[PDB]
Structure formats: structure tokens, C-alpha cells
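Below: one structure, written as C-alpha cells.
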Amino acid sequence: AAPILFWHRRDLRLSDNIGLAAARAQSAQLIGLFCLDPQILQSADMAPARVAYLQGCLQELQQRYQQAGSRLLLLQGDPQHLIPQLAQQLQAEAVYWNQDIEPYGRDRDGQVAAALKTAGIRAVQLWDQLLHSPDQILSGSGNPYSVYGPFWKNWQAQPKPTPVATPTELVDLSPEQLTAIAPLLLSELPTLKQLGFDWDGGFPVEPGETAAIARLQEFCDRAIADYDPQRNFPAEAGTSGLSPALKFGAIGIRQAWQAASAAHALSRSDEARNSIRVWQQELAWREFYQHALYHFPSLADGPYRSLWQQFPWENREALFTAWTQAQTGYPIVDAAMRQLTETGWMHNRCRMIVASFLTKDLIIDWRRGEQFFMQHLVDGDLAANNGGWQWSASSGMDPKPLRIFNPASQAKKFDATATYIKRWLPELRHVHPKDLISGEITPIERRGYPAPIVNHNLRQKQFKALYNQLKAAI
DNA sequence: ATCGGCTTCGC
DNA sequence: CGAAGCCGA
Ligand SMILES: Cc1cc2nc3c(=O)[nH]c(=O)nc-3n(C[C@H](O)[C@H](O)[C@H](O)COP(=O)(O)OP(=O)(O)OC[C@H]3O[C@@H](n4cnc5c(N)ncnc54)[C@H](O)[C@@H]3O)c2cc1C
Ligand SMILES: O=c1nc2n(C[C@H](O)[C@H](O)[C@H](O)CO)c3cc(O)ccc3cc-2c(=O)[nH]1
Ligand SMILES: [Mg+2]
């Protein structure tokens with residue numbers, strides 16, 4: 001007799017959704033809900049491309065709920081107060097949602113659940129964004145993994161859950177019920193501008209559930225077979241481009257796994273099978289970092305290891321500015337930074353290259369780079385972004401190798417014809433690939449393009465010195 | 001507990 | 001071919 005509310009946050013789809021399917025099993029009067037949260041939307045680390053993608057996903061989710069039989073309610077404000085209020089005025093029997101791993105989200109959920117319980121309303125929180133929940137993957141000693149290799153061995157051996165059913169034949173709220181909650185609702189989904197953002201840089205995959213599923217299918221039917229080694233070349237469209245869809249849950253993780261598994265089963269070569277397996281390992285890397293953040297929330301605050309907590313970063317603002325403005329004088333680095341600010345996305349090889357460059361060559365606190373990435377990435381995700389940056393600065397629980405990438409080596413290896421470089425640095429197409437890769441461009445040929453802001457070999461030595469020196473004095 | 005193994009590499 | 005010490009079975 002009472003409606004059940006499903007609260008969407010980062011699972012913007014109707015298909016293969018654990019919490020949603022569970023709620024549907026309890027009632028056909030399943031009403032979706034999304035709460036535009038100022039604490040998230042107005043954070044210093046928000047990207048316009050990310051909000052644009054989100055907004056697009058919400059537009060489709062509203063449509064999907066309408067076709068299913070009910071609707072997606074939209075609220076704006078603090079969910080701790082709005083969600084319980086909505087559930088009460090609606091006399092909802094329960095509120096379902098999928099758990100997250102981020103500190104803010106988990107804290108928020110604790111408050112909402114508590115408020116609901118006090119109101120006598122059931123709050124059900126299920127795991128959905130991961131193939132295996134955090135407490136499901138532990139070492140022999142029953143503790144979380146800090147090393148990927150072992151985590152993967154465990155993770156890959158675990159039986160894989162299959163996609164759940166999409167809810168259908170829903171029952172909408174009555175006109176009276178809508179009247180009772182009207183005061184708490186937004187009449188319409190605000191435009192991107194109304195949310196305080198502007199974006200026309202495009203996306204790696206169009207927003208929404210439909211486009212995410214389409215990309216998954218297309219990727220698994222062709223390109224996935226060549227993932228290894230095509231994944232290493234930024235000039236090639238060798239990766240899935242699904243990152244924002246996985247971040248916001250426009251696609252279910254079980255459906256993604258199923259599609260990759262299917263391609264593997266129908267593969268006719270060891271090369272193809274290897275490529276597909278490598279892509280599956282990337283999905284495991286995603287879970288590794290999410291699990292890590294869940295088990296060790298302090299990771300979000302910075303270096304876990306005492307050594308890196310004391311590292312004497314040079315922090316020359318002029319160098320950071322040059323990095324953010326793609327004016328480093330290092331073509332491969334500048335091209336990557338241009339792709340990021342202009343399109344809200346960066347190939348993984350380049351994310352490693354520019355992160356290494358910022359921390360090792362410019363010797364700037366990686367946390368500055370972490371923030372800048374969150375300010376531009378359409379797929380900006382605390383767990384994965386913090387994981388990537390700490391990896392680049394090698395700041396884990398124990399001493400790890402100094403991963404000092406050589407920009408020229410990287411470019412020669414992964415962009416041998418400077419195709420990617422020329423694509424994002426069109427002003428340098430007249431320069432020979434050889435010089436774009438080495439970074440040695442004659443003054444008259446750079447036509448305004450900056451000379452290298454630092455010397456790699458020299459900076460490499462200066463960084464190692466700082467390191468060893470501290471490793472000694474500590 | 002000994003010991004294989006440690007995403008992404010430079011030289 | 002040493003990675004930085006040490007996780008994980
Ligand atoms: C410094 C740095 C910052 C990063 N920031 C983010 C971020 O904010 N959000 C994010 O999702 N990824 C981040 N990455 C990881 C990786 O670069 C991106 O997931 C990838 O570029 C997404 O593109 P894709 O969809 O084509 O990838 P694919 O190669 O198609 O991989 C499929 C999916 O696997 C996951 N995945 C792949 N590689 C990784 C990885 N290394 N870590 C975690 N998940 C991975 C993603 O969800 C991705 O969509 C970062 C990496 C580094 C080195
Ligand atoms: O519930 C919400 N979740 C939003 N999310 C999803 C969240 O990450 C989610 O609430 C997490 O659980 C927070 O820890 C966003 C994610 C982004 O990357 C960018 C913007 C948003 C905005 C919201 C929002 O307004 N409301
Ligand atoms: Mg230790």
C-alpha cells in the first residue's frame with residue numbers, strides 16, 4: 001500500500017541494478033529519486049564535463065522511469081534532511097539505495113539511514129557498483145590487500161555474479177501523493193547552465209544508459225580483441241571510453257563483465273583472449289582502488305606512508321601553472337594536458353606521463369595534480385584518481401620504486417609518429433615527429449611554443465637526491 | 001617462514 | 001637487469 005523509493009546517486013540506469021531489482025521484488029510502486037547535492041556540486045574539485053555528463057544521464061533516467069511506469073523525483077539540497085522528509089510525507093515503507101566507498105557518501109548514508117530508522121522507515125543498502133564487495137575480497141589473514149597481484153589472484157578466482165533484471169510495469173504515485181510532496185520537489189531537471197556550469201567539449205561516450213550499453217556492445221564485438229597492445233597508444237581509439245559510464249553507473253558492472261566474458265568465449269585466437277583478459281584486469285584495478293578507499297579512507301587525505309607525508313615538494317607555482325596550461329615545452333605532456341582541458345578526458349598512458357612529469361620533473365605535491373584532474377575529468381573518481389596519483393608518486397603503505405618516466409622515451413614508445421602530439425598541438429604539425437618526440441625543437445620552429453621549462457635529466461637527479469636524503473633522515 | 005613476485009620502466 | 005623493501009601464501 002506504501003510506495004518504495006529508490007535513491008540513485010552513482011547508478012544512473014534501470015538495468016542491471018542490484019538495489020533497484022531488490023526494491024522491485026518488494027513493490028511495483030517503485031519511485032526513483034535523485035538529490036542534487038550542493039556539498040558535491042559546489043566542491044572545489046568539480047569538473048564541468050562531469051556535471052554535463054551527469055545531467056545527461058539524469059535526462060535519460062527520467063525518460064526511462066516514465067516509460068517503466070512511474071517517475072524519477074528530483075530534489076535539490078541536503079539529502080540528510082530532504083530524503084527522510086520525502087519518505088515521511090510520502091509514508092514510504094522503505095528507501096533502497098546502493099552503497100558507495102567514498103568517505104562523504106558513506107557518512108551521508110549513515111545519517112540518512114539513521115534518520116529513516118528513527119522515522120520507522122526501512123533503509124536497505126546493497127552493494128552494486130562492484131563485482132565483489134570490499135569485505136568479500138580479503139587476504140589469508142582476513143585483511144585487505146595492499147598489493148594488486150595477490151588481490152587479482154583472489155578476485156579473478158571468485159565466482160562472478162550475473163546481471164539482474166530491469167524493473168518493469170511500475171506503478172506511479174497518485175495525484176494526491178504528488179500534491180503531498182510537491183513542496184520538496186524540483187519541477188524540472190535544471191539545465192547545465194542553471195546548475196552553474198558550461199560545457200561543449202564533448203564526451204568519450206555520450207551520456208546515458210542507452211549509449212553506455214551501445215558502446216559496451218561495440219567495444220566487445222571488435223576493439224576489445226586488440227586491447228593488448230592497442231591500449232598503450234594514445235593516438236589510437238584502443239580503449240572503451242566507458243570511464244564516465246562506470247563512474248556514474250550508466251552501465252552495470254555485471255553487464256560489462258558478462259559482455260567481456262562473452263567476447264572471450266567466442267574468441268578464436270590466443271591474442272584476442274589475452275586482450276580481453278587484460279581488459280578484465282582493468283575492471284579489477286577499478287575494484288582494487290575502490291576497495292582500498294573503503295578499507296583506508298585516509299588515502300583521500302594524502303600520502304599514507306610517513307616518508308611521503310614529509311617529502312619536501314618544491315612547489316614552484318610558476319611550474320604548476322605551466323603544467324595546467326600545457327606550456328611545459330614537453331610536447332607529449334602539453335598535448336595530454338590539452339586533451340584534458342578541451343575534452344574532459346585523457347588516455348591512461350598520458351595520465352601516467354603527466355602525473356610523473358608533475359611529481360618527478362616539476363617536483364610539485366601530487367595532491368595539486370589530483371585536484372586539477374578532478375576539476376576537468378568527466379570520469380573524475382576519488383578512488384581511481386587518488387589511486388592513480390599515489391601510484392605516480394609511489395606513496396603506498398611501503399617503499400615502492402621511483403617510477404620516473406622519461407617523456408621522450410614514452411613518446412617514442414607510445415606515439416612513434418607523433419600522431420597524438422600533432423592532434424592536440426596542431427600549431428606544431430610543421431615540426432618533424434623526431435623532434436616532437438625528443439622535445440628538442442629549434443627556437444625558430446617553435447613559433448611561440450615554449451622551450452622546456454625544466455631539464456629532465458637534471459630534475460631526475462635532483463628528485464632522487466631529495467628522496468634518498470629523506471630516506472636517510474627518517 | 002622462506003621466498004616468488006611486485007601494471008603501466010629507464011638505460 | 002636493479003627497481004624498495006616487503007607483501008602474501
Ligand atoms: C594519475 C591518474 C589519474 C586517473 N584518474 C582516474 C579517474 O579519476 N577516474 C577513473 O575512472 N580512472 C582514472 N584513471 C585510470 C584510467 O586512466 C582511466 O580509468 C581510463 O583512462 C578510462 O578510460 P577507458 O574508459 O577508455 O578505459 P579502459 O581501458 O577501457 O578500461 C575500462 C574501465 O576500467 C577502469 N580502469 C581502467 N584502468 C584503470 C585504472 N588504472 N584504475 C582504475 N580503474 C581503471 C575504468 O572504469 C575504465 O573505464 C587515472 C589514472 C592515472 C594514472
Ligand atoms: O547524490 C548525488 N550524487 C552525486 N554524484 C555522485 C556521487 O559521487 C555520490 O553521491 C557519492 O556517493 C559521494 O561519495 C556526483 C558525482 C560527480 O562526480 C559529480 C557530481 C555529482 C553530483 C551528485 C549529486 O548532486 N547528488
Ligand atoms: Mg608494511
Side-chain angles (χ1 to χ4, degrees), chain A residues 137-158 227-234 236 238-239 243 274-289 291-292 295-296 303-308 311 330 332-333 336 346-361 366 369 373 383-415 420 437-439 455-472 474:
Chain A
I137 306 293
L138 300 170
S139 71
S141 60
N143 300 298
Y145 288 97
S146 70
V147 184
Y148 177 77
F151 172 99
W152 161 254
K153 260 187 61 67
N154 182 325
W155 195 92
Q156 66 84 196
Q158 297 290 328
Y227 192 65
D228 190 33
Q230 293 312 99
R231 74 194 215 298
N232 305 299
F233 310 112
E236 303 293 350
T239 68
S243 55
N274 175 64
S275 287
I276 297 168
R277 197 60 175 168
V278 177
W279 195 71
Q280 290 180 323
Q281 290 199 72
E282 294 309 319
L283 296 184
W285 268 107
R286 163 174 180 276
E287 313 225 338
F288 179 74
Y289 289 127
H291 284 204
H295 296 305
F296 308 107
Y304 177 99
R305 176 122 165 291
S306 53
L307 180 157
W308 292 104
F311 195 82
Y330 284 71
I332 186 61
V333 169
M346 190 188 290
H347 182 96
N348 176 254
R349 174 50 59 169
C350 294
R351 295 192 201 199
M352 292 187 281
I353 292 174
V354 309
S356 172
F357 190 78
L358 180 62
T359 63
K360 318 294 180 173
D361 293 70
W366 59 265
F373 262 35
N385 189 56
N386 183 274
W389 279 97
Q390 297 230 42
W391 185 89
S392 301
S394 62
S395 47
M397 279 187 66
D398 308 86
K400 293 172 185 298
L402 256 53
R403 297 139 181 167
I404 301 182
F405 286 42
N406 180 310
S409 291
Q410 289 295 311
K412 190 176 194 304
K413 255 180 177 179
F414 307 111
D415 194 36
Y420 174 83
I437 292 174
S438 68
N455 177 280
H456 182 65
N457 288 325
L458 182 59
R459 301 294 289 187
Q460 185 179 194
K461 292 190 168 186
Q462 311 195 87
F463 180 98
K464 290 184 177 182
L466 294 177
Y467 180 62
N468 296 309
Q469 187 167 305
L470 185 65
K471 186 189 298 179
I474 239 171

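Every chain is numbered from 1, with letters handed out A, B, ... down the list of sequences.
The nearest whole Å value for the distance from the CG atom in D398(A) to the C1' atom in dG5(B) is 14 Å. Atoms CD (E287(A)) and P (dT7(B)) sit 17 Å apart, rounded to a whole Å. What separates CD1 of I404(A) from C1' of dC11(B) is a distance of 13 Å, to the nearest Å. Put simply, CG on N348(A) is 14 Å from P on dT7(B), counting in whole angstrom units. Distance CZ (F151(A)) to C1' (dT7(B)): 14 Å, rounded to an integer number of Å. Following rounding to the nearest Å, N406(A) (CG) and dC9(B) (P) show an atom-to-atom distance of 12 Å. Distance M352(A) CE to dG10(B) P: 10 Å, rounded to the nearest Å. Nucleotide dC6(B) holds its P atom 13 Å from the CZ atom of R403(A), rounded to whole Å.
Side-chain atoms of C350(A) and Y420(A), non-hydrogen and from C-beta on, do get closer than 4.5 Å to each other.
The two residues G238(A) and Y227(A) have their closest heavy-atom pair at O-CD1, 3.4 Å. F405(A) approaches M352(A) most closely through the heavy-atom pair CE2-CB, 3.8 Å. Looking at every heavy atom in both residues, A393(A) comes nearest to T359(A) through CB-CG2, 4.3 Å.
Between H291(A) and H295(A), the two ring planes are perpendicular [angle over 60°; tilted spans 30° to 60°].
Put simply, chain A comes within 4.0 Å of DNA chain C, heavy atom to any atom, from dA3(C) to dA9(C), going 5' to 3'.
OP1 and OP2 of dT7(B) both lie 4.0 Å or more from every side-chain N or O belonging to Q281(A). Here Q460(A) does not reach the OP1 or OP2 of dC9(B): none of its side-chain N or O atoms lies under 4.0 Å away.
Candidate nucleotides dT7(B), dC9(B), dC11(B) were compared by shortest atom distance to the side chain of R349(A), and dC9(B) ranks first.
Between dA4(C) and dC3(B), the distance separating the two P atoms is 23 Å to the nearest Å. Nucleotides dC6(C) and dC9(B) have their P atoms positioned 24 Å apart, rounded to a whole Å.
Nucleotide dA3(C) forms no Watson-Crick or G-U wobble pair with any nucleotide shown, as no partner meets the under 3.5 Å limit on both distances. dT2(B): Watson-Crick or G-U partner is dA9(C), with both key distances under 3.5 Å. Of the nucleotides present, none pairs with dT7(B) by Watson-Crick or G-U wobble criteria with both distances under 3.5 Å.
The NZ atom of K153(A) sits 12.5 Å away from the CD1 atom of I137(A) when rounded to the nearest 0.5 Å.
Aromatic stacking is not marked for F405(A) over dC9(B), as the cut-offs of 5.5 Å for the centres and 30° for the planes do not both hold.
Here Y467(A) lies in heavy-atom contact (under 4.0 Å) with sugar-phosphate atoms only. Within the 4.0 angstrom heavy-atom criterion, no nucleotide atom of any strand lies near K153(A).
Listed for the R349(A) side chain is no donor-acceptor partner under 3.5 Å among the backbone atoms of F233(A).
Paired with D361(A) under the rule side-chain hydrogen bond (donor to acceptor under 3.5 Å, both in side chains), one option of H456(A), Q460(A), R459(A) passes, and it is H456(A).
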